[PDB]
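J.: Coordinates in structure.pdb, PDB, N, CA, C and O atoms, are listed below.
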ATOM      1  N   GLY E   1     -21.466  -4.218  21.431  1.00  0.00           N
ATOM      2  CA  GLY E   1     -20.934  -3.125  22.292  1.00  0.00           C
ATOM      3  C   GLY E   1     -20.534  -1.901  21.493  1.00  0.00           C
ATOM      4  O   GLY E   1     -20.795  -0.770  21.903  1.00  0.00           O
ATOM      5  N   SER E   2     -19.898  -2.127  20.348  1.00  0.00           N
ATOM      6  CA  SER E   2     -19.459  -1.036  19.487  1.00  0.00           C
ATOM      7  C   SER E   2     -19.054  -1.562  18.111  1.00  0.00           C
ATOM      8  O   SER E   2     -19.834  -1.504  17.162  1.00  0.00           O
ATOM      9  N   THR E   3     -17.832  -2.078  18.015  1.00  0.00           N
ATOM     10  CA  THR E   3     -17.326  -2.619  16.759  1.00  0.00           C
ATOM     11  C   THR E   3     -16.203  -3.621  17.023  1.00  0.00           C
ATOM     12  O   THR E   3     -16.422  -4.831  16.997  1.00  0.00           O
ATOM     13  N   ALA E   4     -15.003  -3.109  17.281  1.00  0.00           N
ATOM     14  CA  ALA E   4     -13.850  -3.960  17.554  1.00  0.00           C
ATOM     15  C   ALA E   4     -13.297  -3.717  18.958  1.00  0.00           C
ATOM     16  O   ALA E   4     -12.423  -4.449  19.423  1.00  0.00           O
ATOM     17  N   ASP E   5     -13.810  -2.686  19.632  1.00  0.00           N
ATOM     18  CA  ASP E   5     -13.365  -2.348  20.984  1.00  0.00           C
ATOM     19  C   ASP E   5     -11.840  -2.340  21.083  1.00  0.00           C
ATOM     20  O   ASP E   5     -11.280  -2.564  22.155  1.00  0.00           O
ATOM     21  N   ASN E   6     -11.181  -2.076  19.951  1.00  0.00           N
ATOM     22  CA  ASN E   6      -9.717  -2.034  19.885  1.00  0.00           C
ATOM     23  C   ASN E   6      -9.085  -2.994  20.894  1.00  0.00           C
ATOM     24  O   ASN E   6      -8.454  -2.565  21.859  1.00  0.00           O
ATOM     25  N   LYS E   7      -9.287  -4.293  20.676  1.00  0.00           N
ATOM     26  CA  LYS E   7      -8.766  -5.328  21.570  1.00  0.00           C
ATOM     27  C   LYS E   7      -7.239  -5.375  21.563  1.00  0.00           C
ATOM     28  O   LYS E   7      -6.638  -6.425  21.334  1.00  0.00           O
ATOM     29  N   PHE E   8      -6.621  -4.232  21.818  1.00  0.00           N
ATOM     30  CA  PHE E   8      -5.170  -4.138  21.845  1.00  0.00           C
ATOM     31  C   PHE E   8      -4.608  -4.773  23.115  1.00  0.00           C
ATOM     32  O   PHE E   8      -4.143  -4.076  24.011  1.00  0.00           O
ATOM     33  N   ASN E   9      -4.671  -6.102  23.192  1.00  0.00           N
ATOM     34  CA  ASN E   9      -4.176  -6.835  24.360  1.00  0.00           C
ATOM     35  C   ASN E   9      -2.775  -6.369  24.763  1.00  0.00           C
ATOM     36  O   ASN E   9      -2.206  -5.477  24.143  1.00  0.00           O
ATOM     37  N   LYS E  10      -2.226  -6.977  25.809  1.00  0.00           N
ATOM     38  CA  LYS E  10      -0.896  -6.616  26.294  1.00  0.00           C
ATOM     39  C   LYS E  10       0.143  -6.675  25.175  1.00  0.00           C
ATOM     40  O   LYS E  10       1.094  -5.892  25.159  1.00  0.00           O
ATOM     41  N   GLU E  11      -0.038  -7.607  24.247  1.00  0.00           N
ATOM     42  CA  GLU E  11       0.888  -7.769  23.130  1.00  0.00           C
ATOM     43  C   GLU E  11       0.669  -6.701  22.062  1.00  0.00           C
ATOM     44  O   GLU E  11       1.624  -6.139  21.525  1.00  0.00           O
ATOM     45  N   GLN E  12      -0.595  -6.434  21.752  1.00  0.00           N
ATOM     46  CA  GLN E  12      -0.946  -5.441  20.740  1.00  0.00           C
ATOM     47  C   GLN E  12      -0.826  -4.019  21.288  1.00  0.00           C
ATOM     48  O   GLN E  12      -0.377  -3.111  20.588  1.00  0.00           O
ATOM     49  N   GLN E  13      -1.231  -3.832  22.542  1.00  0.00           N
ATOM     50  CA  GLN E  13      -1.172  -2.518  23.181  1.00  0.00           C
ATOM     51  C   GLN E  13       0.246  -1.964  23.171  1.00  0.00           C
ATOM     52  O   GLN E  13       0.445  -0.749  23.101  1.00  0.00           O
ATOM     53  N   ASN E  14       1.232  -2.856  23.233  1.00  0.00           N
ATOM     54  CA  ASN E  14       2.625  -2.434  23.239  1.00  0.00           C
ATOM     55  C   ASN E  14       2.885  -1.503  22.069  1.00  0.00           C
ATOM     56  O   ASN E  14       3.655  -0.549  22.176  1.00  0.00           O
ATOM     57  N   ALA E  15       2.223  -1.780  20.954  1.00  0.00           N
ATOM     58  CA  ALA E  15       2.366  -0.960  19.766  1.00  0.00           C
ATOM     59  C   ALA E  15       2.065   0.501  20.079  1.00  0.00           C
ATOM     60  O   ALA E  15       2.798   1.393  19.656  1.00  0.00           O
ATOM     61  N   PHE E  16       0.965   0.755  20.789  1.00  0.00           N
ATOM     62  CA  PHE E  16       0.562   2.122  21.104  1.00  0.00           C
ATOM     63  C   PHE E  16       1.660   2.901  21.801  1.00  0.00           C
ATOM     64  O   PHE E  16       2.058   3.956  21.335  1.00  0.00           O
ATOM     65  N   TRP E  17       2.138   2.388  22.920  1.00  0.00           N
ATOM     66  CA  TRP E  17       3.191   3.071  23.671  1.00  0.00           C
ATOM     67  C   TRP E  17       4.431   3.282  22.807  1.00  0.00           C
ATOM     68  O   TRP E  17       4.913   4.402  22.653  1.00  0.00           O
ATOM     69  N   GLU E  18       4.921   2.196  22.228  1.00  0.00           N
ATOM     70  CA  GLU E  18       6.086   2.239  21.347  1.00  0.00           C
ATOM     71  C   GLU E  18       5.852   3.220  20.194  1.00  0.00           C
ATOM     72  O   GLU E  18       6.787   3.825  19.668  1.00  0.00           O
ATOM     73  N   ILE E  19       4.576   3.405  19.865  1.00  0.00           N
ATOM     74  CA  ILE E  19       4.175   4.351  18.830  1.00  0.00           C
ATOM     75  C   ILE E  19       4.215   5.780  19.372  1.00  0.00           C
ATOM     76  O   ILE E  19       4.785   6.675  18.756  1.00  0.00           O
ATOM     77  N   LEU E  20       3.582   5.970  20.527  1.00  0.00           N
ATOM     78  CA  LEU E  20       3.503   7.268  21.188  1.00  0.00           C
ATOM     79  C   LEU E  20       4.869   7.723  21.672  1.00  0.00           C
ATOM     80  O   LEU E  20       5.166   8.917  21.709  1.00  0.00           O
ATOM     81  N   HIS E  21       5.690   6.762  22.059  1.00  0.00           N
ATOM     82  CA  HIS E  21       7.018   7.057  22.555  1.00  0.00           C
ATOM     83  C   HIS E  21       7.964   7.382  21.410  1.00  0.00           C
ATOM     84  O   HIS E  21       8.554   8.462  21.376  1.00  0.00           O
ATOM     85  N   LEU E  22       8.124   6.424  20.489  1.00  0.00           N
ATOM     86  CA  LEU E  22       9.028   6.571  19.344  1.00  0.00           C
ATOM     87  C   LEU E  22      10.034   7.708  19.542  1.00  0.00           C
ATOM     88  O   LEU E  22      10.084   8.671  18.767  1.00  0.00           O
ATOM     89  N   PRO E  23      10.876   7.605  20.583  1.00  0.00           N
ATOM     90  CA  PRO E  23      11.889   8.616  20.856  1.00  0.00           C
ATOM     91  C   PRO E  23      12.855   8.708  19.693  1.00  0.00           C
ATOM     92  O   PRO E  23      13.842   7.977  19.653  1.00  0.00           O
ATOM     93  N   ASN E  24      12.565   9.625  18.763  1.00  0.00           N
ATOM     94  CA  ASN E  24      13.412   9.852  17.570  1.00  0.00           C
ATOM     95  C   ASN E  24      12.565   9.942  16.308  1.00  0.00           C
ATOM     96  O   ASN E  24      13.086  10.155  15.213  1.00  0.00           O
ATOM     97  N   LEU E  25      11.260   9.799  16.472  1.00  0.00           N
ATOM     98  CA  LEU E  25      10.341   9.883  15.356  1.00  0.00           C
ATOM     99  C   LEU E  25       9.485  11.119  15.513  1.00  0.00           C
ATOM    100  O   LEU E  25       9.125  11.488  16.632  1.00  0.00           O
ATOM    101  N   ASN E  26       9.126  11.743  14.402  1.00  0.00           N
ATOM    102  CA  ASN E  26       8.271  12.914  14.469  1.00  0.00           C
ATOM    103  C   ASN E  26       7.030  12.535  15.256  1.00  0.00           C
ATOM    104  O   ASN E  26       6.250  11.697  14.816  1.00  0.00           O
ATOM    105  N   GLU E  27       6.848  13.115  16.434  1.00  0.00           N
ATOM    106  CA  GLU E  27       5.697  12.778  17.255  1.00  0.00           C
ATOM    107  C   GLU E  27       4.393  12.982  16.476  1.00  0.00           C
ATOM    108  O   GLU E  27       3.380  12.345  16.763  1.00  0.00           O
ATOM    109  N   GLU E  28       4.452  13.822  15.444  1.00  0.00           N
ATOM    110  CA  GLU E  28       3.309  14.055  14.565  1.00  0.00           C
ATOM    111  C   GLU E  28       3.107  12.811  13.696  1.00  0.00           C
ATOM    112  O   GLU E  28       1.985  12.447  13.325  1.00  0.00           O
ATOM    113  N   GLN E  29       4.220  12.116  13.471  1.00  0.00           N
ATOM    114  CA  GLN E  29       4.215  10.858  12.747  1.00  0.00           C
ATOM    115  C   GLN E  29       3.650   9.795  13.678  1.00  0.00           C
ATOM    116  O   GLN E  29       2.866   8.937  13.271  1.00  0.00           O
ATOM    117  N   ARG E  30       4.037   9.897  14.955  1.00  0.00           N
ATOM    118  CA  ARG E  30       3.553   8.983  15.980  1.00  0.00           C
ATOM    119  C   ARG E  30       2.034   9.052  16.026  1.00  0.00           C
ATOM    120  O   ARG E  30       1.351   8.039  15.895  1.00  0.00           O
ATOM    121  N   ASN E  31       1.514  10.269  16.199  1.00  0.00           N
ATOM    122  CA  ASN E  31       0.075  10.491  16.245  1.00  0.00           C
ATOM    123  C   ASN E  31      -0.605   9.864  15.036  1.00  0.00           C
ATOM    124  O   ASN E  31      -1.569   9.110  15.176  1.00  0.00           O
ATOM    125  N   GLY E  32      -0.088  10.165  13.844  1.00  0.00           N
ATOM    126  CA  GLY E  32      -0.662   9.597  12.636  1.00  0.00           C
ATOM    127  C   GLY E  32      -0.739   8.083  12.709  1.00  0.00           C
ATOM    128  O   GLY E  32      -1.704   7.472  12.240  1.00  0.00           O
ATOM    129  N   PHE E  33       0.280   7.480  13.318  1.00  0.00           N
ATOM    130  CA  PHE E  33       0.334   6.032  13.473  1.00  0.00           C
ATOM    131  C   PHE E  33      -0.775   5.550  14.408  1.00  0.00           C
ATOM    132  O   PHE E  33      -1.294   4.445  14.255  1.00  0.00           O
ATOM    133  N   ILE E  34      -1.130   6.393  15.376  1.00  0.00           N
ATOM    134  CA  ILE E  34      -2.180   6.055  16.339  1.00  0.00           C
ATOM    135  C   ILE E  34      -3.551   6.045  15.677  1.00  0.00           C
ATOM    136  O   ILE E  34      -4.348   5.132  15.888  1.00  0.00           O
ATOM    137  N   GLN E  35      -3.822   7.070  14.876  1.00  0.00           N
ATOM    138  CA  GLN E  35      -5.104   7.180  14.188  1.00  0.00           C
ATOM    139  C   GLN E  35      -5.308   6.013  13.228  1.00  0.00           C
ATOM    140  O   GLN E  35      -6.351   5.352  13.251  1.00  0.00           O
ATOM    141  N   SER E  36      -4.302   5.753  12.395  1.00  0.00           N
ATOM    142  CA  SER E  36      -4.374   4.656  11.436  1.00  0.00           C
ATOM    143  C   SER E  36      -4.452   3.319  12.162  1.00  0.00           C
ATOM    144  O   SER E  36      -5.161   2.407  11.739  1.00  0.00           O
ATOM    145  N   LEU E  37      -3.717   3.218  13.262  1.00  0.00           N
ATOM    146  CA  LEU E  37      -3.689   2.002  14.064  1.00  0.00           C
ATOM    147  C   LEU E  37      -5.013   1.794  14.793  1.00  0.00           C
ATOM    148  O   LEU E  37      -5.588   0.706  14.748  1.00  0.00           O
ATOM    149  N   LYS E  38      -5.487   2.828  15.484  1.00  0.00           N
ATOM    150  CA  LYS E  38      -6.732   2.713  16.233  1.00  0.00           C
ATOM    151  C   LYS E  38      -7.878   2.287  15.321  1.00  0.00           C
ATOM    152  O   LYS E  38      -8.496   1.246  15.544  1.00  0.00           O
ATOM    153  N   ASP E  39      -8.183   3.099  14.311  1.00  0.00           N
ATOM    154  CA  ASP E  39      -9.283   2.793  13.401  1.00  0.00           C
ATOM    155  C   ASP E  39      -9.146   1.397  12.797  1.00  0.00           C
ATOM    156  O   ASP E  39     -10.133   0.802  12.366  1.00  0.00           O
ATOM    157  N   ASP E  40      -7.923   0.877  12.767  1.00  0.00           N
ATOM    158  CA  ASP E  40      -7.679  -0.449  12.214  1.00  0.00           C
ATOM    159  C   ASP E  40      -6.738  -1.254  13.114  1.00  0.00           C
ATOM    160  O   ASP E  40      -5.520  -1.085  13.061  1.00  0.00           O
ATOM    161  N   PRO E  41      -7.296  -2.141  13.960  1.00  0.00           N
ATOM    162  CA  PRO E  41      -6.503  -2.969  14.878  1.00  0.00           C
ATOM    163  C   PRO E  41      -5.716  -4.059  14.157  1.00  0.00           C
ATOM    164  O   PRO E  41      -4.632  -4.458  14.598  1.00  0.00           O
ATOM    165  N   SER E  42      -6.251  -4.506  13.026  1.00  0.00           N
ATOM    166  CA  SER E  42      -5.594  -5.527  12.219  1.00  0.00           C
ATOM    167  C   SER E  42      -4.353  -4.955  11.542  1.00  0.00           C
ATOM    168  O   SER E  42      -3.552  -5.690  10.964  1.00  0.00           O
ATOM    169  N   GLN E  43      -4.205  -3.634  11.615  1.00  0.00           N
ATOM    170  CA  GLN E  43      -3.072  -2.953  11.010  1.00  0.00           C
ATOM    171  C   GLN E  43      -1.931  -2.754  12.009  1.00  0.00           C
ATOM    172  O   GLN E  43      -0.847  -2.312  11.634  1.00  0.00           O
ATOM    173  N   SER E  44      -2.177  -3.078  13.279  1.00  0.00           N
ATOM    174  CA  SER E  44      -1.157  -2.932  14.323  1.00  0.00           C
ATOM    175  C   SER E  44       0.218  -3.406  13.850  1.00  0.00           C
ATOM    176  O   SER E  44       1.244  -2.895  14.296  1.00  0.00           O
ATOM    177  N   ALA E  45       0.235  -4.380  12.950  1.00  0.00           N
ATOM    178  CA  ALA E  45       1.493  -4.908  12.428  1.00  0.00           C
ATOM    179  C   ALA E  45       2.107  -3.958  11.404  1.00  0.00           C
ATOM    180  O   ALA E  45       3.312  -3.703  11.421  1.00  0.00           O
ATOM    181  N   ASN E  46       1.270  -3.448  10.508  1.00  0.00           N
ATOM    182  CA  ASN E  46       1.722  -2.534   9.463  1.00  0.00           C
ATOM    183  C   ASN E  46       2.151  -1.186  10.037  1.00  0.00           C
ATOM    184  O   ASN E  46       3.118  -0.585   9.568  1.00  0.00           O
ATOM    185  N   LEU E  47       1.433  -0.710  11.051  1.00  0.00           N
ATOM    186  CA  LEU E  47       1.757   0.570  11.676  1.00  0.00           C
ATOM    187  C   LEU E  47       2.951   0.441  12.617  1.00  0.00           C
ATOM    188  O   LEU E  47       3.890   1.235  12.557  1.00  0.00           O
ATOM    189  N   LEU E  48       2.903  -0.559  13.492  1.00  0.00           N
ATOM    190  CA  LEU E  48       3.976  -0.787  14.454  1.00  0.00           C
ATOM    191  C   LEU E  48       5.308  -1.012  13.751  1.00  0.00           C
ATOM    192  O   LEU E  48       6.337  -0.477  14.167  1.00  0.00           O
ATOM    193  N   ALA E  49       5.290  -1.805  12.684  1.00  0.00           N
ATOM    194  CA  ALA E  49       6.506  -2.090  11.935  1.00  0.00           C
ATOM    195  C   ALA E  49       6.998  -0.847  11.202  1.00  0.00           C
ATOM    196  O   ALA E  49       8.168  -0.480  11.300  1.00  0.00           O
ATOM    197  N   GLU E  50       6.096  -0.203  10.467  1.00  0.00           N
ATOM    198  CA  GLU E  50       6.439   1.000   9.716  1.00  0.00           C
ATOM    199  C   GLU E  50       7.034   2.065  10.631  1.00  0.00           C
ATOM    200  O   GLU E  50       7.999   2.739  10.268  1.00  0.00           O
ATOM    201  N   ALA E  51       6.458   2.210  11.818  1.00  0.00           N
ATOM    202  CA  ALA E  51       6.935   3.192  12.783  1.00  0.00           C
ATOM    203  C   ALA E  51       8.268   2.761  13.385  1.00  0.00           C
ATOM    204  O   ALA E  51       9.116   3.594  13.703  1.00  0.00           O
ATOM    205  N   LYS E  52       8.443   1.453  13.542  1.00  0.00           N
ATOM    206  CA  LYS E  52       9.670   0.906  14.108  1.00  0.00           C
ATOM    207  C   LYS E  52      10.871   1.183  13.205  1.00  0.00           C
ATOM    208  O   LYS E  52      11.863   1.768  13.640  1.00  0.00           O
ATOM    209  N   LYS E  53      10.779   0.753  11.951  1.00  0.00           N
ATOM    210  CA  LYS E  53      11.869   0.950  10.996  1.00  0.00           C
ATOM    211  C   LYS E  53      12.074   2.431  10.681  1.00  0.00           C
ATOM    212  O   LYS E  53      13.208   2.914  10.646  1.00  0.00           O
ATOM    213  N   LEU E  54      10.976   3.150  10.452  1.00  0.00           N
ATOM    214  CA  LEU E  54      11.055   4.574  10.140  1.00  0.00           C
ATOM    215  C   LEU E  54      11.815   5.322  11.229  1.00  0.00           C
ATOM    216  O   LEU E  54      12.759   6.053  10.946  1.00  0.00           O
ATOM    217  N   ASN E  55      11.395   5.133  12.475  1.00  0.00           N
ATOM    218  CA  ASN E  55      12.040   5.790  13.608  1.00  0.00           C
ATOM    219  C   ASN E  55      13.542   5.505  13.620  1.00  0.00           C
ATOM    220  O   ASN E  55      14.352   6.392  13.899  1.00  0.00           O
ATOM    221  N   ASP E  56      13.907   4.262  13.321  1.00  0.00           N
ATOM    222  CA  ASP E  56      15.309   3.859  13.307  1.00  0.00           C
ATOM    223  C   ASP E  56      16.126   4.690  12.323  1.00  0.00           C
ATOM    224  O   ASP E  56      17.141   5.282  12.693  1.00  0.00           O
ATOM    225  N   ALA E  57      15.694   4.725  11.066  1.00  0.00           N
ATOM    226  CA  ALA E  57      16.408   5.480  10.040  1.00  0.00           C
ATOM    227  C   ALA E  57      16.241   6.986  10.227  1.00  0.00           C
ATOM    228  O   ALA E  57      17.218   7.734  10.219  1.00  0.00           O
ATOM    229  N   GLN E  58      14.997   7.423  10.385  1.00  0.00           N
ATOM    230  CA  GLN E  58      14.700   8.840  10.562  1.00  0.00           C
ATOM    231  C   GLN E  58      15.220   9.367  11.901  1.00  0.00           C
ATOM    232  O   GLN E  58      15.249  10.578  12.125  1.00  0.00           O
ATOM    233  N   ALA E  59      15.641   8.465  12.786  1.00  0.00           N
ATOM    234  CA  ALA E  59      16.169   8.864  14.088  1.00  0.00           C
ATOM    235  C   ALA E  59      17.345   9.830  13.925  1.00  0.00           C
ATOM    236  O   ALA E  59      18.245   9.586  13.122  1.00  0.00           O
ATOM    237  N   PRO E  60      17.355  10.946  14.680  1.00  0.00           N
ATOM    238  CA  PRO E  60      18.429  11.941  14.598  1.00  0.00           C
ATOM    239  C   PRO E  60      19.793  11.367  14.972  1.00  0.00           C
ATOM    240  O   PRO E  60      20.668  11.222  14.119  1.00  0.00           O
ATOM    241  N   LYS E  61      19.971  11.059  16.255  1.00  0.00           N
ATOM    242  CA  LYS E  61      21.232  10.516  16.760  1.00  0.00           C
ATOM    243  C   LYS E  61      21.847   9.505  15.795  1.00  0.00           C
ATOM    244  O   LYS E  61      21.156   8.933  14.952  1.00  0.00           O
ATOM    245  N   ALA E  62      23.150   9.289  15.936  1.00  0.00           N
ATOM    246  CA  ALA E  62      23.867   8.345  15.090  1.00  0.00           C
ATOM    247  C   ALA E  62      25.349   8.313  15.441  1.00  0.00           C
ATOM    248  O   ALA E  62      25.954   7.222  15.359  1.00  0.00           O
TER     249      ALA E  62
END
Could you rewrite the structure in this file as structure tokens?
T.:
Amino acid sequence: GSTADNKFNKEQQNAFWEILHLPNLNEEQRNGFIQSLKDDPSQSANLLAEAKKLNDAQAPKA
């Protein structure tokens, strides 16, 4: 069909939204996470996690 068809199931897809949303993370950082994540579905863990912790610390509010 193509290659990996980004099989971001309900569990993996969550990464995308949480990535795109990242309320407190540079949305430009969010986008970057999408590109790296999309091109590499096996990286969903490395991107989702990196974006999760980063957003937490880099988050403005406190």
J.: I would like the residues chosen by the PyMOL selection byres (((chain E and resi 5-19 and name CA) around 7) and name CA) on the shown file; could you give them as number ranges by chain?
T.: E: 2-4, 20-22, 30, 33-34, 38, 41, 44, 48, 51
J.: Compute the distance from (12.2, 10.0, 12.8) to each atom, counting only C-alpha atoms, keep the residues with any atom at most 6 Å away, and return them as a PyMOL selection string; use the coordinates of the file.
T.: chain E and resi 24-26+55+58-59
J.: Please identify the alpha helix (DSSP H) residues within chain E (assignment by DSSP from backbone atoms) and present them as a ChimeraX atom specification.
T.: /E:10-21,27-39,44-58
J.: When you draw a straight line from atom C of residue 47 (chain E) to atom C of residue 62 (chain E), how long is it in Å?
T.: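 It comes out at 23.9 Å.
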J.: Report, in Å with one decimal, the straight-line distance from atom N of residue 54 (chain E) to CA of residue 42 (chain E).
T.: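 Pair atom N of residue 54 (chain E) / CA of residue 42 (chain E) returns 18.8 Å.
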J.: Enclose all atoms of region 7-23 of chain E listed in the file in an axis-aligned box, grow every side by 4 Å, and hand back centre and edge lengths in Å to one decimal, as JSON.
T.:
{"center_x": 2.3, "center_y": 0.6, "center_z": 22.5, "size_x": 31.1, "size_y": 24.7, "size_z": 15.5}
